[PDB]
Amino acid sequence: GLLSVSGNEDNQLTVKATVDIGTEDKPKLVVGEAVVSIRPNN
Amino acid sequence: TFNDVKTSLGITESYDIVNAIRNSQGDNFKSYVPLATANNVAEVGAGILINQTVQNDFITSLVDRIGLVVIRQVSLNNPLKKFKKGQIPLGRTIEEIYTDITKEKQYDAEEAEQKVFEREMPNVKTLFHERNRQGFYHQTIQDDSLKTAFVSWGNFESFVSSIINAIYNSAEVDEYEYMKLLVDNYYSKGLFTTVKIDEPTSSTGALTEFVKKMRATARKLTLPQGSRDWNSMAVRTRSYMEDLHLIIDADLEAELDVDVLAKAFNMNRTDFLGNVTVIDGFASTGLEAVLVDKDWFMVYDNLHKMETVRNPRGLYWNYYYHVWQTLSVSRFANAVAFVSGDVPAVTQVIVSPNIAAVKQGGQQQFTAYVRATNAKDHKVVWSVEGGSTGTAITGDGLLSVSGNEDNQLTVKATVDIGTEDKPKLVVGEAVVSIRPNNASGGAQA
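Residues numbered from 1 in each chain as written, not as in the entry; some residues may be left out. Chains lettered and ligands numbered in written order. Part of a larger assembly, values for the part shown. Heavy atoms only, no water. Residues with missing side-chain atoms left out of burial classes, pairs and counts.

- Going by the annotation in the PDB entry, the name recorded for chain B is Major capsid protein, with Bacillus phage phi29 given as the source organism.
- The header of this PDB entry states its title as "Cryo-EM structure of the head in mature bacteriophage phi29".
- Under the heading Function, UniProt records this for chain B: "Assembles to form a prolate capsid shell of about 54 nm in length and 45 nm in width, with a T=3, Q=5 symmetry."
- Under the UniProt heading Subunit, the entry covering chain B gives this text: "Homohexamer. Homopentamer. The prolate capsid is composed of pentamers and hexamers of the capsid protein." (UniProt positions renumbered as here; feature names shortened; annotations may be inferred.)

- With the PDB entry as reference, chain A is termed Major capsid protein, source organism Bacillus phage phi29.

Looking at the overall build of chain B
- Scanning chain B from terminus to terminus reveals 5 helices and 20 strands.
- Here chain B has a C-alpha radius of gyration of 33 Å; the compact-globule value for 445 residues is 22 Å, and the former is much larger.
- Dimensions of chain B along its principal axes, counting C-alpha atoms only, are 115 × 65 × 45 Å.
- Counting only contacts in chain B whose residues sit at least 6 apart along the sequence, the fraction spanning at least 24 positions is 71%. (Helix = DSSP H or I, 4+ residues; strand = E, 2+ residues; numbered from the N terminus. Rg over C-alpha atoms; globule rule 2.2 N^0.38 Å. Contact = heavy atoms within 4.5 Å.)

Brief notes about empty space enclosed by the protein
All names here are of chain B.
- Taken as a whole, the largest cavity spans an internal volume of roughly 50 Å³.
- Every residue along the wall of the largest cavity is listed here: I88, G91, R92, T93, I94, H129, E130, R131, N302 and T326.
- Residue composition of the lining of the largest cavity, by class: 2 nonpolar, 5 polar and 3 charged. (1 Å grid on protein atoms, 1.4 Å probe; cavity = no way out; pocket = protein on both sides within 12 Å on 5 of 7 lines; lining within 4 Å. Points joined across faces, edges and corners; volume = space filled by probe spheres on them. Nonpolar A, V, L, I, M, F, W, Y, C, P; charged D, E, K, R; others polar.)

Let's talk about the sheet that holds strand 17 (residues 392-394) of chain B
All names here are of chain B.
- Taken in spatial order, the 3 strands of this open sheet run 14-18-17, and their pairing is antiparallel. Only two strands of the sheet have a single partner each, and these edge strands are strand 14 (363-365) and strand 17. Across the sheet, the mean angle from the axis of one strand to that of its neighbour is 20 degrees, orientation sign disregarded.
- Bridge count between strand 17 and strand 18 (residues 398-400): 3 bridges; the pairing is antiparallel. (Pairing = 2+ DSSP bridges. Axes fitted to C-alpha atoms, helices over the stretch in contact; angles between N-to-C directions.)

As for helix 5 (residues 251-261) of chain B
Residues and elements named next belong to chain B.
- Within helix 5, the full set of buried residues consists of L252, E255, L256, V260 and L261. Projected down its long axis, helix 5 shows its buried positions confined to an angular sector of 155 degrees, all on one face.
- In this fold, the buried residues of helix 5 make contact with helix 4 (204-221). (Buried < 20%, exposed > 50% of the residue type's maximum accessible area, 1.4 Å probe, protein only. Arc of directions from axis to C-beta.)

Comments concerning the pattern of salt bridges
Residues and elements named next belong to chain B.
- This structure, assessed with the given rule, holds 15 salt bridges over all chains.
- Between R92 and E130 there is a salt bridge whose closest N-O contact spans 3.8 Å. With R92 in the loop between strand 1 (86-87) and strand 2 (94-100) and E130 in the loop between strand 3 (123-129) and strand 4 (133-141), this residue pair connects regions lying 38 residues apart in the sequence.
- A residue is classified by how much of its surface remains accessible, and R92, at 42% relative accessible area, is partly exposed.
- A relative accessible area of 45% means that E130 is categorised as partly exposed. (Salt bridge = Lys/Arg side-chain N within 4 Å of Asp/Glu carboxyl O.)

Some remarks on the side chain of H245(B)
- One can find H245(B) in strand 6 (residues 244-246).
- When sequence neighbours within four positions are dropped, the list of residues in contact with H245(B) reads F83(B), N275(B), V290(B), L291(B), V292(B), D293(B) and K294(B).

As for the UniProt feature "domain: BIG2" in chain B
- Residues given the UniProt feature "domain: BIG2" here are residues 345-424 of chain B.
- Within the segment residues 345-424 of chain B, helix and strand shares are 0% and 44% respectively, and the terminal C-alpha atoms sit 10 Å apart.

Details of helix 3 (residues 153-188) of chain B
- With 36 residues, helix 3 of chain B extends 52 Å between its outermost C-alpha atoms, agreeing within 8% with the 52 Å of an ideal straight helix rising 1.5 Å per residue.
- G190(B), located one to two residues past helix 3 of chain B, shows a positive phi value of around 80 degrees. (Expected span 1.5 Å × (residues − 1).)

Considerations on the interface of chain B and chain A
- Taken residue by residue, the interface counts 8 residues in chain B and 5 residues in chain A.
- Grouping the amino acids of the side of chain B that touches chain A by side-chain chemistry returns 2 nonpolar, 1 polar and 5 charged.

Thoughts on the environment of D280(B)
Residue and element names in this part refer to chain B.
- Note on placement: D280 falls in the loop between strand 7 (275-276) and strand 8 (287-293).
- Once you skip the residues sitting within four places of it in the chain, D280 turns out to touch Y176, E177 and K180.
- One polar contact links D280 to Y176, side chain to side chain, over a distance of 3.2 Å.
- Of the polar contacts made by the side chain of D280, one reaches the side chain of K180; its length is 2.7 Å. (Polar contact = N/O pair within 3.5 Å; in protein donor to acceptor, adjacent residues only side chain to side chain.)

Brief notes about the sheet that holds strand 16 (residues 381-385) of chain B
- Spatially, the 4 strands line up as an open sheet ordered 13-20-19-16 (chain B), and their pairing is mixed. Every other strand in the sheet has two partners, leaving strand 13 (355-356) and strand 16 of chain B as the edge strands with one partner each.

Section: the side chain of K180(B)
Residue and element names in this part refer to chain B.
- Following the sequence through the fold, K180 ends up in helix 3.
- We classify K180 as buried; its relative accessible area is 7%.
- Ignoring any residue separated from it by four or fewer positions in sequence, one finds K180 in contact with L80, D280 and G281.

A word on a nonpolar patch on the surface
- A grouping of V19(A), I21(A) and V30(A) is seen on the molecular surface, where their side chains present a nonpolar patch of about 280 Å² in accessible area.
- Looking at the secondary structure, you find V30(A) in strand 3 (residues 29-31). (Patch = residues over 30% accessible without salt bridge, like charges linked within 9 Å, V, L, I, M, F, W, Y side chains within 5 Å. Areas by Shrake-Rupley, 256 points an atom, 1.4 Å probe, with all protein chains shown as cover.)

Let's talk about the nonpolar core
All names here are of chain B.
- In this structure, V183, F192, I247, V290, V292, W296 and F297 are the most contacted members of the largest nonpolar core, which totals 25 residues.
- A per-element tally of this core places helix 3 first, with 6 residues.
- Setting aside anything within four residues of it in sequence, one finds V183 in contact with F192, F282, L287, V290, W296 and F297.
- The next biggest cluster of nonpolar side chains, apart from the first, holds 21 residues, and it includes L246, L256, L261 and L291. (Core = buried A, V, L, I, M, F, W, Y, C linked by side-chain atoms within 4.5 Å.)

This is how it looks when you write it as structure tokens:
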């Protein structure tokens, strides 16, 4: 989970994490998400 | 006499509201359908520029008269007139004087044996101001030509007063502009100390990192130990928090309220930290906010005199409002430029003895202060111009005036930025006078 912002970045990032509780063609991906905003570095 | 006037003079029509109503079905203009006389209201109801003699609706040969004359009256003021310091009636120069701190010498008892009477000079820097602005506001009232535009004395005597009040509005606007010119002058000279930022009103994250550079700099300015980093003469200048004014714009005010101060639980932790004024905006490219003391602005009036005269040959008056005032800026106050775009790497080179009067054959030490916007250290080139053969200067900044020198000198502390095709060199400068000695002559010396 170490998010690396590159620079030249202006888009509101949604950092997801899905957990496969399911199987092949029945994935049922349980996700919780974190909305990441961007502070520039001059 | 104008002979061809449409009601739509100057107008660019968007969609022809007359045709747009009667060609509506459910086009939201259906509420304007039961209006009986809407097409007359849609014709001239936005104001008419040029009058036209409209004949009367019942008897054609009569005309329709003007029944009411409204003389609109405005009062334009200066936000910045609280930065003024008053009036100076007599004399034309202001002398700022500032002693600066010393440099600690080490305790050395053996060196002190010969140096008790050493006479180390103090560090005083002077700055001279002068009456700059000297101009007048001319108006002319033709008191008898304007009696044809009026049929009432109460309106003619009110329209004469409005022309008078326009002279006083041209005062407080041009006073406001001449003080804003002092910011854009001082930045074009590179005398402001730049804090590089990112442009707000592009994101919230650009704004929140601007407020972090606001409250940090205003705390760095008013630290009790002072700093050299925020003046134009590079002197230790503590400021105080009540003396700090912020001259941002009208864009950062409402954006800070909405994006930041609305969602604040503790508004005093995200607000700007000094006094805040609001302007229309600095005309320099890249400048957004300016943090200065009130001691920065030095606006002293010199004259405020409305004079009249009447021409008898053509019946007009003339009114002259003479405004003379001193419009300059202290170089000892903390003056912070919050600059958004690209900046030069070094904006200024401050050589510390700006005024030297060393003797013929003597020595002057020079200390330069490079005003860099980046952690790149810059190497400083010393030179000396306007002199003779034996005048040389050390790369540490030590002048060695020749024994045969008579010319007024100038030293330079060059710092270059760009490469050899676009050399880009900023350079500081101090003026040195020689004042010839005695007890000399001959050869082998």
